[PDB]
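A.B. asks: One structure, as structure tokens, below. Some questions next.
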Amino acid sequence: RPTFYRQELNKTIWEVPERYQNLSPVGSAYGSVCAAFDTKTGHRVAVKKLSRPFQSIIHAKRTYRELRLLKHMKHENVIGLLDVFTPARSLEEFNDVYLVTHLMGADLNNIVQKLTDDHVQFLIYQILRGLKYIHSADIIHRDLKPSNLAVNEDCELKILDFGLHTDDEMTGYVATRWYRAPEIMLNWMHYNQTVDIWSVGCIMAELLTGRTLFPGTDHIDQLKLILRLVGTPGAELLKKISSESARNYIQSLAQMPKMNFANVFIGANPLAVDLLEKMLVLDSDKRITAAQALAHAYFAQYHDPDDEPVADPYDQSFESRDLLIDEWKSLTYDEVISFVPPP
Ligand SMILES: C[C@@]1(C(=O)NCc2ccccc2)CN(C2COC2)CCN1
Ligand SMILES: [Cl-]
Ligand SMILES: [Cl-]
Ligand SMILES: [Cl-]
Ligand SMILES: [Cl-]
Ligand SMILES: [Cl-]
Ligand SMILES: [Cl-]
Ligand SMILES: [Mg+2]
């Protein structure tokens, strides 16, 4: 057990191992974050103190979920866990959880500058490489958007902030909804990992044009922007929408054909246009997958099928389990004390 030291930073008490130095507050509903220098590894790191991690069954399960997911992710294009600690010496006094990751500077917003087509190729390639890994473990990110993509000086990219959002957060003219697939925006059906590919299409379009693809002022305005581009659904997709009310609403709209994407994305690489047509498909069954997209000719200069790894299997059976707060807390404690740091 390392030696811990205490200090008060912006009205909260932080108790952390001596290896973490020069703590400086950076941000704050799920917890507070400080930047620090890790004297053991030489990295600049982000230290997150969870706020009220075991206040309810829902909150305790969410704490366990986040720790399990972060401990599993080991990929160049996905955020990983450098450390996790608690100052508690036993389960009986266990109350606080701290998570440590590489400190990230800019996100794709702070670049979306002047992007060449070669820049778009490299950025989208890295997102898809990370997504092939995530999806191979049957994990769905569910919240991909430019603010959840970190980029460094050399245009190297990491996916962060997995979906672990409320009604107010998704209301109105808000970027929190502009990248969401329509079947999850409107609860049409049970969704799957194809929702993340819709988000990648929205992001790629924005990198090519400098503009949000579907900046709707509310759910219905956004749906109208989507259907004007990709066309209204045919009977085949309509059969798959489980809400009779949502089906009824869609059929009240006048039918529209899919637009010509070469006349929307004027002057773009024809191979980029082709890939966008394969991502932005209304029927999620028919979208290109991450593994298929990596083999698309648009990425010819970066694709290497010997260097696009998959994940170890991931057991999510806890998600259907019903437990008491203290049982979720004990499972979290075991995962804290069994953590093994990366090489
Ligand atoms: C895609 C779009 C755009 O940003 N167009 C500008 C552009 C800039 C560079 C290269 C090509 C195109 C167009 N609007 C209208 C709606 O249907 C076309 C929808 C969203 N933004
Ligand atoms: Cl230490
Ligand atoms: Cl990382
Ligand atoms: Cl504690
Ligand atoms: Cl964003
Ligand atoms: Cl019609
Ligand atoms: Cl597992
Ligand atoms: Mg975020």
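Computed from the coordinates by the stated procedures, all read-outs in this text should not be read as laboratory data. A quick note on method: Cβ atoms are made from the backbone with ideal geometry, for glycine too, and the neighbour counts reach across all protein chains shown.
A.B. asks: Over every pair of different alpha-carbon atoms in region 85-217, take the mean of 1/r and invert it; report that Kirkwood radius in Å.
C.D. replies: On the way: mean 1/r = 0.0601 Å⁻¹.
Kirkwood hydrodynamic radius for region 85-217: 16.6 Å.
A.B. asks: A further question follows. Taking the mean number of other Cβ atoms within 10 Å as a proxy for protection, how do you rank 72-80, 317-325, 332-340 from highest to lowest? Numbers along the way, then the final one.
C.D. replies: On the way: 72-80: 18.2, 317-325: 10.1, 332-340: 14.2.
Result, highest mean first: 72-80, 332-340, 317-325.
A.B. asks: Same structure again: For q = 0.12, 0.19 Å⁻¹, what log10 I(q)/I(0) does region 281-343 give under the Debye formula with an equal point scatterer on each alpha carbon and no solvent?
C.D. replies: With no solvent term, the Cα-only Debye profile gives -0.66, -0.89.
A.B. asks: Is the C-alpha gyration tensor of region 235-318 telling us rounded, prolate or oblate? Criteria: a/c under 1.5 is rounded; beyond that, a/b larger than b/c is prolate, otherwise oblate. Write down the numbers at each step before the final one.
C.D. replies: Values: a/c = 4.10, a/b = 1.24, b/c = 3.30.
Taking the square roots of the gyration eigenvalues as a ≥ b ≥ c, region 235-318 is oblate.
A.B. asks: What is the projected area of the convex hull of the Cα atoms of the chain, averaged over all directions, in nm²? Kindly include the intermediate steps, with their values, before the conclusion.
C.D. replies: Values: hull surface 77.0 nm².
Computing the convex hull of the Cα atoms and averaging its projections yields 19.2 nm².
A.B. asks: Please state the shape class of region 1-98: rounded when a/c is under 1.5, otherwise prolate if a/b exceeds b/c and oblate if not, all from the C-alpha gyration tensor. Write out the running numbers ahead of the final one.
C.D. replies: Details: a/c = 1.43, a/b = 1.09, b/c = 1.31.
The shape class here is rounded.
A.B. asks: Anything over 29 Å Cα to Cα? Flag those among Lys48/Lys114; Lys11/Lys329; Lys48/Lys286; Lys48/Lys74; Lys40/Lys114; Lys145/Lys224, in the order listed.
C.D. replies: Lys48/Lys114; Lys48/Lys286; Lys40/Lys114
A.B. asks: To continue, here is another question. Take the alpha carbon gyration tensor of region 161-318, find the square roots of its eigenvalues, order them as a ≥ b ≥ c, and report rounded if a/c is under 1.5; if not, report prolate when a/b exceeds b/c, else oblate.
C.D. replies: Values: a/c = 1.58, a/b = 1.20, b/c = 1.32.
Verdict is oblate for region 161-318.
A.B. asks: Here's another thing I want to ask about it. Taking the Cα-to-Cβ direction at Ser243 and at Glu92 and moving 7 Å from each Cα, how far apart do the two end points lie in nm?
C.D. replies: Result: 5.1 nm between the two label points.
A.B. asks: Which value in nm describes the separation of the simple spin-label points at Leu164 and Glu15, placed 7 Å from the Cα toward the beta carbon?
C.D. replies: It works out to 2.1 nm between the two label points.
A.B. asks: Further question on the same structure: How high is the FRET efficiency from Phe4 to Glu335, r the C-beta distance, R0 30 Å, rounded to 0.05?
C.D. replies: 0.95
A.B. asks: Quickly work out the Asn263-to-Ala175 label distance, labels modelled 7 Å from Cα along the C-beta direction, and quote it in nm with one decimal.
C.D. replies: Placing both labels 7 Å along Cα→Cβ, they lie 3.2 nm apart.
A.B. asks: How big is the dipole moment of the chain about its Cα centre under a simple scheme where the beta carbon of each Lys and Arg is +1, that of each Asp and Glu is -1, and everything else is neutral? Debye, nearest 20, please. Write down the numbers at each step before the final one.
C.D. replies: On the way: 36 positive and 45 negative charges, 107 e Å.
Dipole of the chain, to the nearest 20 debye: 520 debye.
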